[PDB]
Each structure stands twice: as C-alpha cells, then as structure tokens.
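Participant: Okay, handing you the structure first.
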Amino acid sequence: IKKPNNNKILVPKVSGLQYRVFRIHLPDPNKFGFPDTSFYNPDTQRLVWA
Amino acid sequence: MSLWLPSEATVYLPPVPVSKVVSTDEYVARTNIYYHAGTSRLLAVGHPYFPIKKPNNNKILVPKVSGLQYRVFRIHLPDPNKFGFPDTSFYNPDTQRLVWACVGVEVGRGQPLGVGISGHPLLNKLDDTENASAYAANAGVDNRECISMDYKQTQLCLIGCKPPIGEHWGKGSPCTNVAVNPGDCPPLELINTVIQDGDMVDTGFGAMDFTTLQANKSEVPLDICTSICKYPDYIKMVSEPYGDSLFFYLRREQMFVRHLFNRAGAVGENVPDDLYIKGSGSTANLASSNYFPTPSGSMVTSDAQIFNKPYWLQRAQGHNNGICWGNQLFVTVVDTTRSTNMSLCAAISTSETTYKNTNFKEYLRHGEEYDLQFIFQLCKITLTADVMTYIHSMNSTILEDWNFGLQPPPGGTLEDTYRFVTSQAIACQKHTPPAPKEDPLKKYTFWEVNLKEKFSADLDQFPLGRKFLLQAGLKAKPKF
Amino acid sequence: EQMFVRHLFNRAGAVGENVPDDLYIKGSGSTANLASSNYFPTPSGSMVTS
C-alpha cells in the first residue's frame with residue numbers, strides 16, 4: 001500500500017506465501033573474552049560456531 | 001600487521017554471576033503420600049450464540065454456553081499445612097512447609113461427539129467468488145445475507161498454577177504523524193491477556209478483536225460478532241522463566257477452506273494500476289477484491305480425542321515440575337468436538353391439528369459435561385535462608401500465605417495522634433481506615449472448582465486412582 | 001464414532017429468543033426483517049471401511 005503520488009510504502013506486503021529468509025548474525029567467537037583463553041591460541045588457531 | 005595502531009576492538013566479556021532459576025526437584029522434596037481429588041459432575045446449559053437477558057432489565061436469564069469457548073477452571077486445593085492427616089510426623093512445621101504437586105490429571109467429557117453450526121442473519125457477503133459464471137451485477141445497498149458455517153476444529157488442555165495467557169490482534173493508536181481521516185484502517189497491535197472462562201477460541205477468522213476492528217458488526221457469525229477470539233500464547237508461556245503458567249499442554253487443530261466469498265463495502269485500498277489491465281463495459285469497474293473463506297473443521301473422530309485419558313506428569317516442560325503453588329491449579333480446556341446445539345421447540349397452542357409456522361417458537365440450546373480428576377502428591381520444602389530468598393523472589397505471596405518470614409510487624413517510625421480529636425481546628429482527625437482488596441485474580445472470571453472437601457487417600461476406590469495404582473505398579477488391597 | 005457436517009440449514013417458526021440489537025446493524029428494505037438464526041447441520045457419518 002503506497003500513496004498515489006509518492007512511492008513510499010505505507011503498508012508492506014506480508015502474506016503466508018512468501019519466503020522468510022532470515023540472515024542470522026553471530027558474534028565473532030574470536031572476540032569473546034574467555035576467563036581461560038589459554039584454551040585457544042590466537043597465533044595459530046581460530047574459532048567458529050557450529 | 002606491521003604497524004602499531006592506537007586502540008582495540010570489541011571484546012564480549014563474560015556476564016556477572018546471576019542467581020539462576022532452578023528446577024523444583026532441587027528444593028521441593030517428594031513424599032509417598034498421594035491423594036485423589038475429583039469434581040462431582042460439571043454441567044452447563046445455555047444459548048450457543050448470545051446470553052438471553054431481560055428486555056427491560058439486564059439480569060441474564062440464560063447464559064452463553066458454546067462449544068467454542070475457553071473452559072478455564074480454577075481448582076482450589078486444601079491447605080496441606082492445615083489439612084488433617086492421620087499422622088503428621090513426616091514433616092517438621094518449625095522448619096518445613098508442605099505443598100501439593102500434580103501427578104496425574106483426567107479431564108472427562110460427557111456428551112456425544114458432534115459439530116455445531118453458527119452464522120449471522122445479516123453477514124457481509126457480496127458474492128461467491130469460488131466459481132463465478134458472469135461478472136457481478138450492480139452492487140446495491142445492504143447486500144448482506146444469512147450465512148452459516150461450522151468452525152475450525154480445536155482441542156487443547158493447558159495445566160498450570162497461574163492462569164493461561166492468550167494473544168489476539170487489537171487496535172493500537174497510530175503515531176501522531178498521520179492525518180487520520182474517518183474510515184481509515186485501524187493500526188494493529190498484538191495484545192496479551194489472561195484467558196478467562198468464557199472467551200472465544202480462534203475459529204478460522206483469526207485471533208482478533210471483533211469489537212474494535214470491525215465496526216461493520218456483520219462480518220463474522222453471531223457468537224464471535226462482538227467477542228475477542230484468543231489464541232494461547234505458547235511462545236510466551238513456555239519462555240516464562242519459572243514455568244508456572246504452563247507445565248503441561250496438548251492441542252489438536254484442523255481446518256480447511258470450504259467456501260470462498262467476497263466482502264461488500266467501500267474499497268479501503270484500491271488495486272494498484274500495475275496489477276491488472278483495465279476493462280471496458282461490464283468489467284470497467286473492479287469487483288471487491290476483499291476475499292474471505294468460511295472455515296470448516298472436518299470429520300470429528302473418536303480416535304483423535306485427547307480427553308477421557310489420564311495424563312501422568314513426570315517431567316514438566318519448565319522448571320516448575322507440577323508444583324501447585326498457592327494451593328491452586330488452572331485447567332484450561334477447549335473442546336469443539338462435542339459442540340452439538342440441540343434445537344428445541346414449544347407449541348403456543350396444543351389444540352391445532354394442522355401445522356402452522358406461527359404456532360411454534362424455536363429455541364437453540366447447548367449442554368456441556370465435565371468431570372475432572374487429579375492425583376496429587378504431597379511435597380515438603382525445608383525453608384532455609386537460600387530457599388526462602390529464592391521463593392520470595394519467585395512468587396512474593398507464597399512465603400506470606402505459609403506462615404514464614406519473621407518480617408517486622410509494624411515497620412513504622414511514628415504515628416500522629418492529636419489530642420482533642422473532637423475539635424473543629426484539627427482538620428478531620430479520624431484514624432479509622434477501611435480495608436482494600438486482597439486477591440489479584442478478582443478481575444477475571446473462572447469456573448471455580450472447590451476441591452477442599454474432595455481429597456481422599458484411598459485411590460483404588462476411584463477410577464483415576466486405580467489407573468494410577470496400575471500404571472505405578474503397586475496394588476493397594478491385601479484384604480481377604 | 002465419527003461425523004462431519006454435510007449441509008447447513010435453517011429452521012422455520014416464530015423466533016423464541018430474538019437476537020439482541022447490539023449484535024448487528026439494522027437493515028432496510030429486503031433485510032429489514034431478520035432471517036432465522038436457528039441453524040441445524042445435516043450430519044454425515046463418513047466412509048465405512050473394513
């Protein structure tokens with residue numbers, strides 16, 4: 001639903017037949033401050049989420 | 001890196017130690033004392049669509065009783081700290097407190113299976129757009145018709161020690177940036193409310209407020225024409241930190257689109273110019289593109305029945321493992337599979353031997369039948385300082401219902417007491433205060449069930465009692 | 001026991017309990033008189049199988 005003069009959407013299209021493709025953003029686990037960080041070397045290893 | 005640059009970047013630090021929510025298996029100790037409680041038989045007769053009330057008064061002569069309502073029972077258990085046991089030497093009342101736990105539940109239903117039909121005498125319907133022969137003729141004024149529909153089929157049963165929470169779409173207030181014209185679309189908002197006994201279930205038209213969102217008053221059938229159709233908030237009830245509002249639930253739902261209709265009225269938002277090619281002559285004006293289906297819960301079957309079966313609560317979904325805090329339980333029941341509406345009639349004159357329509361007054365009625373049975377275990381909590389803090393933070397009124405707290409009685413510094421309390425220059429010195437309200441659940445309506453006098457210790461004399469004994473091994477009667 | 005609703009019908013006869021006036025909006029002309037709000041479905045026990 002957009003105005004006849006402009007094209008700014010006043011009410012978007014939301015139906016039960018659209019793909020809902022979510023893009024999940026995770027925190028960088030190499031930027032986690034672990035109390036015992038000695039569990040992973042930053043000069044030879046890197047972390048990732050599974 | 002070959003350069004020494006000034007500062008650093010994000011570091012997600014470990015959070016501060018929080019006092020976590022723990023399972024009731026850690027501070028609530030179970031005992032071998034089980035009790036059977038059950039209601040006599042719960043009947044409710046009324047009108048399926050509206051409450052018949054006096055034309056001049058407002059006393060309700062016949063209440064509204066539909067198969068599409070929420071049955072929220074508020075069970076009352078006897079206080080195990082006041083209960084009379086044959087031997088009270090299993091717990092020490094100086095450092096312990098007792099509470100009932102729910103072990104098994106049987107929600108018995110009584111009437112035969114059947115599907116009831118509801119409809120509006122003036123329903124906002126323009127045409128049947130499922131299979132049209134020619135383009136619609138002139139849409140005049142007041143094109144409403146009398147249409148009926150059988151609703152979506154639904155069964156559910158939520159058990160907890162707090163009242164359930166339902167969701168629906170309501171009317172919010174638009175931000176103060178819009179030039180609001182009359183006849184504008186109401187902005188939507190999802191609202192959470194405590195489901196009370198007598199609220200209408202979602203029926204295939206959405207969980208919405210049909211009073212504030214449809215001023216037409218003619219788009220849904222008579223029973224939900226001015227009601228609020230509510231759907232249980234499972235996302236919110238299972239995500240509550242303590243798990244009190246829901247520690248067991250079932251649900252069965254089914255619906256298909258039976259007929260496909262149109263709406264009548266001024267167009268709110270017209271079809272944009274790039275979604276069609278304009279017509280000429282008959283199709284020069286677009287028909288109403290506001291479609292709506294009539295729901296249909298299909299065959300009701302005896303095998304898809306979730307009621308009349310015992311549920312043994314061994315591991316609750318949340319942290320509250322079936323502990324009925326406050327000596328109180330909440331059984332929510334929807335069952336639209338026994339919603340047959342019996343149609344009665346009465347003869348104005350018993351003389352006439354020829355049928356005349358003006359001789360018989362036709363009424364509709366509906367009857368419900370419930371019979372609730374629970375098996376309750378007896379649990380004791382040894383209230384240390386840590387358990388007392390945990391419980392006072394979980395629910396404030398538990399430690400005040402049960403005589404425990406040792407909190408200061410007066411908690412006061414100084415009170416004023418004018419001499420010559422009868423003078424005229426003392427500014428109304430009456431130290432005589434009234435009393436306020438006490439129960440926070442007074443604003444809601446539940447089907448109150450008083451199981452205070454209904455607790456029994458010999459289970460094998462009750463159907464659910466011997467079902468429990470059978471499922472748990474042991475017999476009970478080494479007699480004869 | 002199994003059953004579904006095959007046909008949705010109406011009942012004829014003087015209305016015993018009239019629809020409250022706050023449940024609808026009055027009509028004019030053809031719809032000035034309410035149709036019968038007494039509905040009754042036609043049952044149908046579905047397929048029988050061995």
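Here's how to read the names in the structure tokens: chain A, B, ... by the order shown, residue numbers from 1 in each chain, ligand numbers from 1 in the order shown.
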Can you tell me, as a VMD selection string, what residues are no more than 7 Å from residue 108 in chain B when counting only C-alpha atoms, ignoring any on the same chain fewer than 3 positions away?
Facilitator: chain B and resid 307 to 308 370 to 372
Participant: Suppose we keep C-alpha atoms; can you now write the selection as a PDB file, in the first residue's frame?
Facilitator:
```
ATOM      1  CA  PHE B 307      -9.834 -36.149  26.547  1.00  0.00           C
ATOM      2  CA  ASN B 308     -11.028 -39.070  28.699  1.00  0.00           C
ATOM      3  CA  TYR B 370     -17.163 -32.205  32.580  1.00  0.00           C
ATOM      4  CA  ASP B 371     -15.674 -34.395  35.290  1.00  0.00           C
ATOM      5  CA  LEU B 372     -12.160 -33.557  36.477  1.00  0.00           C
TER       6      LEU B 372
END
```
Participant: Counting only C-alpha atoms, what is within 12 Å of residue 193 in chain B, bar same-chain residues fewer than 2 positions away, as a PyMOL selection string?
Facilitator: chain B and resi 163-170+190-191+195-196+199+209+228-233+236-237+443-444
Participant: Kindly determine which residues of chain C lie within 6 Å of chain B, considering only C-alpha atoms, and give the answer as a ChimeraX atom specification.
Facilitator: /C:1-4,13-16,24,35,37
Participant: Store the residues of this selection in a file with N, CA and C atoms, as a JSON list (two decimals), in the first residue's frame.
Facilitator:
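Okay, this is what ended up in part03.json:
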```json
[["chain", "number", "residue", "atom", "x", "y", "z"],
["C", 1, "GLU", "N", -16.74, -43.47, 16.93],
["C", 1, "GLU", "CA", -17.80, -42.63, 16.40],
["C", 1, "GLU", "C", -17.19, -41.48, 15.62],
["C", 2, "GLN", "N", -17.63, -41.31, 14.38],
["C", 2, "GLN", "CA", -17.13, -40.26, 13.51],
["C", 2, "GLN", "C", -18.30, -39.58, 12.83],
["C", 3, "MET", "N", -18.10, -38.32, 12.45],
["C", 3, "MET", "CA", -19.18, -37.48, 11.95],
["C", 3, "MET", "C", -18.59, -36.19, 11.41],
["C", 4, "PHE", "N", -19.18, -35.68, 10.33],
["C", 4, "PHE", "CA", -18.91, -34.32, 9.87],
["C", 4, "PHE", "C", -20.23, -33.69, 9.46],
["C", 13, "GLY", "N", -40.39, -21.01, 11.84],
["C", 13, "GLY", "CA", -41.21, -20.86, 13.03],
["C", 13, "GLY", "C", -40.92, -19.55, 13.72],
["C", 14, "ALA", "N", -41.85, -19.13, 14.56],
["C", 14, "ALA", "CA", -41.69, -17.89, 15.31],
["C", 14, "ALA", "C", -40.42, -17.95, 16.15],
["C", 15, "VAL", "N", -39.61, -16.90, 16.07],
["C", 15, "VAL", "CA", -38.38, -16.85, 16.84],
["C", 15, "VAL", "C", -38.70, -16.80, 18.32],
["C", 16, "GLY", "N", -38.08, -17.68, 19.09],
["C", 16, "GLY", "CA", -38.32, -17.72, 20.52],
["C", 16, "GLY", "C", -37.51, -16.70, 21.28],
["C", 24, "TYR", "N", -25.85, -6.61, 15.83],
["C", 24, "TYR", "CA", -25.86, -6.38, 14.39],
["C", 24, "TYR", "C", -26.29, -4.93, 14.14],
["C", 35, "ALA", "N", -33.60, -12.96, 9.06],
["C", 35, "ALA", "CA", -33.86, -14.36, 8.77],
["C", 35, "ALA", "C", -33.69, -15.18, 10.05],
["C", 37, "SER", "N", -32.23, -17.33, 12.80],
["C", 37, "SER", "CA", -30.92, -17.63, 13.36],
["C", 37, "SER", "C", -30.84, -19.01, 13.98]]
```
Participant: Let's see if you can do this: from backbone DSSP, list all helix (DSSP H, G or I) residues in chain C, as a list in words.
Facilitator: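 Those in chain C that DSSP calls helix (DSSP H, G or I) are residues 21, 22, 23, 29, 30, 31 and 32 of chain C.
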Participant: So that each row is one residue of chain A with an atom at most 7 Å from chain B, can you give its shortest atom pair and the distance in Å to one decimal, using only C-alpha atoms, rows by chain and rising number, as CSV?
Facilitator:
```
residue,atom,partner,partner_atom,distance
A:31,CA,B:11,CA,5.0
A:32,CA,B:12,CA,4.7
A:33,CA,B:13,CA,5.1
A:34,CA,B:14,CA,7.0
```
Participant: Save the residues we just selected, C-alpha atoms, as an mmCIF file, in the first residue's frame?
Facilitator:
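Saved as result.cif:
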```
data_model
loop_
_atom_site.group_PDB
_atom_site.id
_atom_site.type_symbol
_atom_site.label_atom_id
_atom_site.label_comp_id
_atom_site.auth_asym_id
_atom_site.auth_seq_id
_atom_site.Cartn_x
_atom_site.Cartn_y
_atom_site.Cartn_z
ATOM 1 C CA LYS A 31 36.201 -11.613 20.087
ATOM 2 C CA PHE A 32 34.892 -13.499 23.146
ATOM 3 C CA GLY A 33 36.832 -12.883 26.326
ATOM 4 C CA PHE A 34 37.111 -16.278 27.903
#
```
Participant: Find the residues around range 63-75 of chain B up to 8 Å (only C-alpha atoms counted), leave out those fewer than 2 positions away in its own chain, and share them as a PyMOL selection string.
Facilitator: chain B and resi 44-52+60-61+77+116+195-201+203+328-340+366-368+446-451
Participant: Quote the spacing between CA of residue 291 in chain B and CA of residue 13 in chain A in Å to one decimal place.
Facilitator: 16.2 Å
Participant: CA of residue 106 in chain B and CA of residue 41 in chain B, how far apart in Å?
Facilitator: 12.9 Å
Participant: List as an MDAnalysis selection string the protein and nucleic acid residues near residue 26 in chain A, meaning an atom at most 10 Å away when only C-alpha atoms are counted, but skip any in the same chain fewer than 3 places from it.
Facilitator: chainID A and resid 23 29 48:49
Participant: How far is it from CA of residue 454 in chain B to CA of residue 468 in chain B, in Å with one decimal?
Facilitator: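 Separation between CA of residue 454 in chain B and CA of residue 468 in chain B: 17.6 Å.
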Participant: Quick one: residues within 12 Å of residue 86 in chain B, only C-alpha atoms counted, chain neighbours fewer than 2 positions away excluded, as a ChimeraX atom specification?
Facilitator: /B:33,83-84,88-90,456-457
Participant: Which residue, B:281, B:97, B:7, B:54, has the smallest gap to residue 18 in chain C when you use only C-alpha atoms?
Facilitator: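 Of the candidates, the smallest distance to residue 18 in chain C is held by B:54.
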Participant: Could you go through range 3-42 of chain C and tell me which residues DSSP, when run on the backbone, assigns to strand (DSSP E), listing them as a list in words?
Facilitator: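 Everything in range 3-42 of chain C that counts as strand (DSSP E) is residues 3, 4, 5, 6, 7, 8, 9, 10, 14, 15, 39, 40, 41 and 42 of chain C.
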